[PDB]
Amino acid sequence: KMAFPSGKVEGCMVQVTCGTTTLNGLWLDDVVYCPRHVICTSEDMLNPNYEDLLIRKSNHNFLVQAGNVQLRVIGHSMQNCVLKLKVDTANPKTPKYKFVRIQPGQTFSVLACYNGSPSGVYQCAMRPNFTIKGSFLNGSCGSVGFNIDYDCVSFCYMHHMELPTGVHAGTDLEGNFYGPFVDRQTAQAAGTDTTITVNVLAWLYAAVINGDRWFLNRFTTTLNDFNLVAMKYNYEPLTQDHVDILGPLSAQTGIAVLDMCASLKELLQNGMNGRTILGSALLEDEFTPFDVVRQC
Amino acid sequence: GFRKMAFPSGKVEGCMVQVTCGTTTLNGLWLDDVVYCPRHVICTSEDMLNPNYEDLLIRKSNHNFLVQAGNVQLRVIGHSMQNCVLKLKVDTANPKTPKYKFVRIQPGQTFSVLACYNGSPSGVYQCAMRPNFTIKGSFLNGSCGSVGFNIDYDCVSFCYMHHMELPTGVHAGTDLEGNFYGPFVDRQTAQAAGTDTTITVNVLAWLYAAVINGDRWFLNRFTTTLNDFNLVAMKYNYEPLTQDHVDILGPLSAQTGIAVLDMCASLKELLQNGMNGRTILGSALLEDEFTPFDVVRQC
Ligand SMILES: *[C@H](O)[C@H](C[C@@H]1CCNC1=O)NC(=O)[C@H](CC(C)C)NC(=O)OCc1ccccc1
Ligand SMILES: *[C@H](O)[C@H](C[C@@H]1CCNC1=O)NC(=O)[C@H](CC(C)C)NC(=O)OCc1ccccc1
């Protein structure tokens with residue numbers, strides 16, 4: 001479980017304060033992105049009218065700081081659930097970057113921040129139910145999740161809230177929530193979660209690459225038959241994109257994706273019969289095919 | 001929530017460089033006008049098998065050492081060897097040098113590793129110094145010179161530089177003075193470590209974490225003395241718990257209202273009976289690479 005180095009993102013974190021409400025923002029070029037609920041009072045958060053709340057706001061009500069150095073706001077706008085604050089200085093540490101929306105099952109690093117200061121970095125997976133099992137306390141909103149490909153930071157998550165069950169929910173960098181949630185201090189519940197099949201399969205491939213292959217059988221299956229059985233075990237169905245991203249591991253091992261699926265199916269139907277895989281009786285579902293290839 | 005969390009690695013990323021000698025390439029740490037790297041970068045194929053490092057080193061010149069920081073070569077103007085690390089004096093100071101210190105950690109302590117290849121950061125993860133002085137890392141060919149570290153305030157405490165992988169797949173290395181953790185040597189020979197044990201005070205800290213996060217099926221009403229717990233612990237190849245350890249757990253005991261020795265009673269029941277298919281914080285094994293401080297910080 002390995003995070004991306006966080007330095008390129010650390011160089012982009014700032015704090016944003018309205019009155020006494022402070023959270024984190026992301027400073028890229030001359031724009032700071034943050035959760036729109038920074039403009040909320042305690043009682044505004046019960047059920048906020050964000051449009052009305054923002055109409056009462058001016059550039060001069062937003063305190064943006066990098067460290068203790070203030071950054072002057074020269075314009076503001078709301079895009080879905082994120083506030084965009086134009087500032088008078090371009091971040092000299094701006095990396096090459098992209099905003100992306102990730103699929104359930106994908107992993108990303110989270111730079112957990114408080115008051116604009118990074119406290120830690122960890123690797124997360126987006127669950128099928130569009131929550132993440134984060135580690136976030138009060139003041140963490142506006143922390144971001146990201147991948148780094150080559151030199152380019154792909155920003156995929158901004159943190160907004162904790163659900164009753166202790167899991168976390170947020171948006172992409174365009175302010176669109178992952179999943180059915182809304183930024184209201186109201187009662188909300190994640191759907192029942194399911195196992196990320198594509199990742200379990202990646203894990204089995206990883207086990208084969210390391211010589212652990214007792215679970216391979218001489219059978220195969222159709223993708224549709226597999227998907228129908230998997231759902232009976234609370235496993236996600238596979239998509240064509242999943243079959244494709246397993247390509248490199250399939251090529252590396254010589255084991256066809258649908259043969260590995262027949263192997264997983266047999267594991268689901270017969271259990272582990274007491275044996276282990278990569279030193280464990282549980283199947284891991286938070287390593288993507290990309291993650292396996294990275295560490296191998 | 002709960003997650004294995006690493007320190008942010010920006011301060012260390014700004015110190016990593018590539019070092020090359022012959023056909024050997026690994027990573028170096030550039031602080032002020034010195035680059036630190038594992039000394040076996042001066043070795044060849046033949047050499048690694050049984051190197052006489054002082055002999056190999058006196059036969060080198062400054063210009064046998066190629067240091068690259070990004071696209072930019074740094075010129076080496078001096079070199080010395082301190083135990084198993086080589087110190088390269090360069091004609092340029094690193095402007096990104098953080099406040100730092102060199103520390104030797106104790107077994108059971110945790111630190112973050114910034115894994116690097118050819119002088120470029122690739123990933124960060126949390127490790128602990130095992131009781132047998134190995135670390136269960138993720139290091140591939142080319143990762144030597146990668147460092148482990150803790151951050152307090154704005155200060156980076158470097159505690160580990162990476163040198164090798166043992167046949168079992170665990171890893172070994174040195175502090176930044178070049179002294180190995182454990183009975184290992186920087187020679188290309190198969191080496192075994194002593195028998196490992198589980199870091200008990202960290203297992204307890206992680207059980208407290210599981211209670212803070214509302215996961216508590218393993219608690220019980222039993223109790224135990226410190227010495228009667230340590231007897232069972234040692235039987236199962238767990239480290240003894242000291243009174244200092246009990247004290248260190250105080251804040252976590254206070255937060256949860258579970259006295260340390262009651263948590264020891266829970267752990268004792270888990271050791272003797274096991275988990276019977278159950279899981280704590282999502283694990284089917286007792287985790288021992290979270291310290292009390294790691295739990296407090298994050299919760
Ligand atoms: C923004 O920092 C904050 C992060 C929450 C707080 C504790 N852990 C988190 O992940 N977000 C909120 O407080 C959010 C605001 C709404 C307008 C969306 N409401 C929320 O998360 O309520 C749940 C909660 C649980 C425990 C403590 C505080 C809040
Ligand atoms: C330095 O980058 C390298 C790191 C090893 C290579 C594989 N994983 C690692 O962590 N260290 C060595 O190659 C070391 C050099 C001696 C002179 C100390 N030898 C070593 O670790 O041998 C084991 C090995 C296993 C798998 C591939 C290559 C080497």
# chains A, B, ... in the order shown; residues from 1 in each chain; ligands from 1
>>> closest_atom_pairs(of="chain B", to="chain A", cutoff="6 Å", atoms="only C-alpha atoms", output="CSV")
residue,atom,partner,partner_atom,distance
B:1,CA,A:135,CA,4.4
B:2,CA,A:135,CA,5.2
B:5,CA,A:122,CA,5.0
B:6,CA,A:121,CA,5.3
B:7,CA,A:120,CA,4.7
B:8,CA,A:120,CA,5.2
B:9,CA,A:6,CA,5.7
B:10,CA,A:7,CA,3.5
B:123,CA,A:4,CA,4.6
B:124,CA,A:3,CA,5.2
B:125,CA,A:2,CA,5.1
>>> residues_near_ligand(ligand="ligand 1", cutoff="7 Å", atoms="only C-alpha atoms and all ligand atoms", output="list in words")
residues 23, 37, 45, 136, 137, 138, 139, 140, 141, 160, 161, 162, 163, 164, 168, 182, 183, 184 and 185 of chain A
>>> residues_around(residues="residue 277 in chain A", least_positions_apart="4", cutoff="10 Å", atoms="only C-alpha atoms", output="JSON, numbers by chain")
{"A": [203, 204, 206, 207, 208, 212, 213, 214, 215, 272, 281, 282, 283, 284]}
>>> write_last_selection(atoms="N, CA and C atoms", output="tab-separated table (two decimals), in the first residue's frame")
chain	number	residue	atom	x	y	z
A	203	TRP	N	-4.92	-8.81	-7.86
A	203	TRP	CA	-4.25	-9.46	-6.73
A	203	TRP	C	-3.92	-10.92	-7.02
A	204	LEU	N	-4.86	-11.66	-7.60
A	204	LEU	CA	-4.56	-13.04	-7.99
A	204	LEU	C	-3.41	-13.10	-8.99
A	206	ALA	N	-0.98	-10.91	-9.28
A	206	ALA	CA	0.18	-10.64	-8.44
A	206	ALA	C	0.64	-11.89	-7.72
A	207	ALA	N	-0.29	-12.66	-7.18
A	207	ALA	CA	0.08	-13.91	-6.52
A	207	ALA	C	0.75	-14.87	-7.51
A	208	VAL	N	0.23	-14.96	-8.74
A	208	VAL	CA	0.85	-15.84	-9.73
A	208	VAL	C	2.27	-15.36	-10.04
A	212	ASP	N	2.72	-18.07	-6.42
A	212	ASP	CA	1.63	-18.62	-5.60
A	212	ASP	C	0.46	-18.85	-6.55
A	213	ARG	N	0.29	-20.10	-7.01
A	213	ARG	CA	-0.69	-20.35	-8.08
A	213	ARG	C	-1.51	-21.63	-7.91
A	214	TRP	N	-1.67	-22.12	-6.68
A	214	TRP	CA	-2.50	-23.30	-6.45
A	214	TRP	C	-3.95	-23.15	-6.91
A	215	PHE	N	-4.47	-21.92	-7.01
A	215	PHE	CA	-5.88	-21.69	-7.31
A	215	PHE	C	-6.18	-21.69	-8.80
A	272	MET	N	-11.75	-20.97	0.32
A	272	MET	CA	-10.31	-21.16	0.28
A	272	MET	C	-9.89	-22.55	0.74
A	281	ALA	N	-5.73	-15.29	4.14
A	281	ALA	CA	-6.95	-16.02	3.84
A	281	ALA	C	-8.02	-15.12	3.27
A	282	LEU	N	-7.80	-13.81	3.27
A	282	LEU	CA	-8.73	-12.86	2.69
A	282	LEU	C	-8.21	-12.39	1.34
A	283	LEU	N	-9.12	-12.19	0.39
A	283	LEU	CA	-8.78	-11.62	-0.91
A	283	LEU	C	-8.77	-10.10	-0.83
A	284	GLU	N	-7.70	-9.50	-1.30
A	284	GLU	CA	-7.51	-8.05	-1.23
A	284	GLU	C	-8.18	-7.39	-2.43
>>> residues_near_ligand(ligand="ligand 2", cutoff="10 Å", atoms="only C-alpha atoms and all ligand atoms", output="PyMOL selection string")
chain B and resi 24-27+38-45+47-51+84+116-118+137-146+162-173+184-191
>>> write_last_selection(atoms="N, CA and C atoms", output="short mmCIF file (atom, residue, chain, number, x, y, z; two decimals), in the first residue's frame")
data_model
loop_
_atom_site.label_atom_id
_atom_site.label_comp_id
_atom_site.auth_asym_id
_atom_site.auth_seq_id
_atom_site.Cartn_x
_atom_site.Cartn_y
_atom_site.Cartn_z
N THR B 24 27.12 1.25 -12.12
CA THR B 24 26.25 1.17 -10.95
C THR B 24 25.57 2.51 -10.71
N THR B 25 24.26 2.48 -10.52
CA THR B 25 23.52 3.71 -10.30
C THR B 25 22.60 3.51 -9.11
N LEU B 26 22.58 4.48 -8.20
CA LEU B 26 21.59 4.45 -7.12
C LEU B 26 21.27 5.89 -6.69
N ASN B 27 20.55 6.02 -5.58
CA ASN B 27 20.08 7.31 -5.11
C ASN B 27 21.00 7.92 -4.06
N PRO B 38 24.78 4.95 -0.37
CA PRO B 38 25.42 3.69 0.03
C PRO B 38 26.78 3.54 -0.66
N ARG B 39 27.76 3.06 0.09
CA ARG B 39 29.12 2.94 -0.46
C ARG B 39 29.25 1.88 -1.54
N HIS B 40 28.36 0.86 -1.58
CA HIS B 40 28.51 -0.18 -2.59
C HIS B 40 28.27 0.34 -4.00
N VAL B 41 27.98 1.63 -4.17
CA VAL B 41 27.94 2.19 -5.52
C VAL B 41 29.33 2.15 -6.17
N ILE B 42 30.39 2.07 -5.36
CA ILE B 42 31.74 2.00 -5.94
C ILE B 42 32.11 0.59 -6.37
N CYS B 43 31.21 -0.38 -6.22
CA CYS B 43 31.54 -1.77 -6.51
C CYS B 43 31.16 -2.16 -7.93
N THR B 44 31.87 -3.16 -8.46
CA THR B 44 31.55 -3.81 -9.71
C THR B 44 30.82 -5.14 -9.46
N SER B 45 30.65 -5.90 -10.54
CA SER B 45 30.13 -7.26 -10.43
C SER B 45 31.01 -8.10 -9.50
N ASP B 47 33.20 -7.20 -7.46
CA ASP B 47 33.51 -6.60 -6.17
C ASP B 47 32.47 -6.93 -5.12
N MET B 48 31.19 -6.86 -5.48
CA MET B 48 30.13 -6.96 -4.50
C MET B 48 30.22 -8.27 -3.72
N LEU B 49 30.82 -9.30 -4.32
CA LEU B 49 30.85 -10.62 -3.69
C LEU B 49 31.62 -10.59 -2.37
N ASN B 50 32.73 -9.86 -2.33
CA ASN B 50 33.51 -9.71 -1.11
C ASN B 50 34.35 -8.43 -1.21
N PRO B 51 33.74 -7.28 -0.97
CA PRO B 51 34.43 -6.00 -1.19
C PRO B 51 35.31 -5.58 -0.02
N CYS B 84 29.23 2.48 6.34
CA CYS B 84 28.72 2.03 5.05
C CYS B 84 28.13 3.14 4.18
N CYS B 116 12.79 5.63 -4.20
CA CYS B 116 13.29 6.37 -5.35
C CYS B 116 14.06 5.45 -6.29
N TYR B 117 14.01 5.79 -7.58
CA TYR B 117 14.78 5.11 -8.61
C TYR B 117 15.42 6.18 -9.48
N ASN B 118 16.73 6.01 -9.74
CA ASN B 118 17.51 6.96 -10.54
C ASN B 118 17.30 8.39 -10.06
N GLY B 137 9.84 -3.88 3.53
CA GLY B 137 9.72 -2.79 2.60
C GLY B 137 9.18 -3.25 1.26
N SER B 138 9.10 -2.28 0.35
CA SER B 138 8.88 -2.53 -1.07
C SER B 138 10.02 -1.77 -1.76
N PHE B 139 11.07 -2.50 -2.07
CA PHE B 139 12.23 -1.95 -2.74
C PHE B 139 12.60 -2.90 -3.87
N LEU B 140 12.90 -2.34 -5.04
CA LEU B 140 13.30 -3.06 -6.23
C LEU B 140 14.76 -2.73 -6.54
N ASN B 141 15.28 -3.35 -7.59
CA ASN B 141 16.58 -2.94 -8.10
C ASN B 141 16.59 -1.43 -8.31
N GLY B 142 17.66 -0.78 -7.86
CA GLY B 142 17.86 0.63 -8.09
C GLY B 142 17.40 1.54 -6.96
N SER B 143 16.82 0.98 -5.91
CA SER B 143 16.24 1.72 -4.80
C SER B 143 17.23 2.04 -3.72
N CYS B 144 18.45 1.50 -3.78
CA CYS B 144 19.41 1.83 -2.75
C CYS B 144 19.62 3.33 -2.68
N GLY B 145 19.87 3.82 -1.48
CA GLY B 145 19.95 5.23 -1.24
C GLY B 145 18.62 5.86 -0.87
N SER B 146 17.50 5.17 -1.16
CA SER B 146 16.21 5.61 -0.62
C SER B 146 16.32 5.74 0.90
N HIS B 162 18.62 2.79 2.55
CA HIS B 162 18.37 1.44 2.05
C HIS B 162 19.59 0.85 1.32
N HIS B 163 19.95 -0.40 1.67
CA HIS B 163 21.11 -1.07 1.06
C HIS B 163 20.83 -2.42 0.39
N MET B 164 19.89 -3.24 0.89
CA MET B 164 19.78 -4.60 0.35
C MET B 164 18.45 -5.27 0.68
N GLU B 165 18.23 -6.41 0.00
CA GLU B 165 17.10 -7.31 0.22
C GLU B 165 17.63 -8.69 0.62
N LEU B 166 17.11 -9.24 1.70
CA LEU B 166 17.52 -10.56 2.11
C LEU B 166 16.72 -11.62 1.35
N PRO B 167 17.22 -12.86 1.32
CA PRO B 167 16.52 -13.91 0.56
C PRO B 167 15.06 -14.09 0.92
N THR B 168 14.67 -13.82 2.17
CA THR B 168 13.28 -13.93 2.58
C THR B 168 12.42 -12.82 2.01
N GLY B 169 13.02 -11.80 1.41
CA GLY B 169 12.29 -10.69 0.82
C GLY B 169 12.14 -9.47 1.69
N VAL B 170 12.61 -9.52 2.94
CA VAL B 170 12.65 -8.35 3.79
C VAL B 170 13.91 -7.55 3.46
N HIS B 171 14.06 -6.39 4.09
CA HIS B 171 15.08 -5.44 3.70
C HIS B 171 15.97 -5.07 4.87
N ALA B 172 17.19 -4.61 4.53
CA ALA B 172 18.17 -4.21 5.51
C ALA B 172 18.88 -2.95 5.03
N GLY B 173 19.34 -2.16 5.98
CA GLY B 173 20.01 -0.91 5.69
C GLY B 173 20.61 -0.31 6.94
N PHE B 184 23.86 -7.32 9.74
CA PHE B 184 24.02 -7.48 8.31
C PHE B 184 25.26 -6.73 7.83
N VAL B 185 25.66 -7.05 6.61
CA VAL B 185 26.87 -6.56 5.97
C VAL B 185 26.54 -6.29 4.52
N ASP B 186 27.15 -5.23 3.97
CA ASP B 186 26.92 -4.80 2.59
C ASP B 186 27.87 -5.56 1.65
N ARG B 187 27.58 -6.85 1.56
CA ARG B 187 28.21 -7.80 0.66
C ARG B 187 27.10 -8.58 -0.05
N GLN B 188 27.30 -8.90 -1.32
CA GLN B 188 26.33 -9.71 -2.06
C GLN B 188 26.40 -11.17 -1.65
N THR B 189 25.93 -11.49 -0.44
CA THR B 189 25.87 -12.86 0.05
C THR B 189 24.53 -13.09 0.73
N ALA B 190 24.01 -14.31 0.61
CA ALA B 190 22.75 -14.60 1.26
C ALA B 190 22.91 -14.47 2.76
N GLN B 191 22.02 -13.69 3.38
CA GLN B 191 22.06 -13.46 4.80
C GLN B 191 20.68 -13.64 5.39
#
>>> residues_around(residues="residue 195 in chain B", least_positions_apart="6", cutoff="10 Å", atoms="only C-alpha atoms", output="NGL selection string")
:B and (131-132 or 237)
>>> write_last_selection(atoms="N, CA, C and O atoms", output="PDB file, in the first residue's frame")
ATOM      1  N   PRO B 131      11.805  -6.012  15.312  1.00  0.00           N
ATOM      2  CA  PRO B 131      12.691  -6.384  16.428  1.00  0.00           C
ATOM      3  C   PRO B 131      13.981  -7.039  15.998  1.00  0.00           C
ATOM      4  O   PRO B 131      14.983  -6.906  16.718  1.00  0.00           O
ATOM      5  N   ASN B 132      13.983  -7.758  14.873  1.00  0.00           N
ATOM      6  CA  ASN B 132      15.188  -8.382  14.327  1.00  0.00           C
ATOM      7  C   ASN B 132      15.918  -7.479  13.354  1.00  0.00           C
ATOM      8  O   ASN B 132      16.761  -7.965  12.576  1.00  0.00           O
ATOM      9  N   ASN B 237       6.019 -15.430  21.070  1.00  0.00           N
ATOM     10  CA  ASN B 237       7.000 -14.669  20.308  1.00  0.00           C
ATOM     11  C   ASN B 237       6.537 -13.232  20.087  1.00  0.00           C
ATOM     12  O   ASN B 237       6.672 -12.669  18.994  1.00  0.00           O
TER      13      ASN B 237
END
>>> select_by_dssp(residues="range 82-256 of chain B", states="strand (DSSP E)", output="number ranges by chain")
B: 82, 85-90, 99-102, 110-117, 120-128, 147-152, 155-165, 171-174
>>> atom_distance(atom1="CA of residue 65 in chain B", atom2="CA of residue 36 in chain B")
12.2 Å
>>> closest_residue(among="A:42, A:227, A:77, A:188", to="residue 57 in chain A", atoms="only C-alpha atoms")
A:77
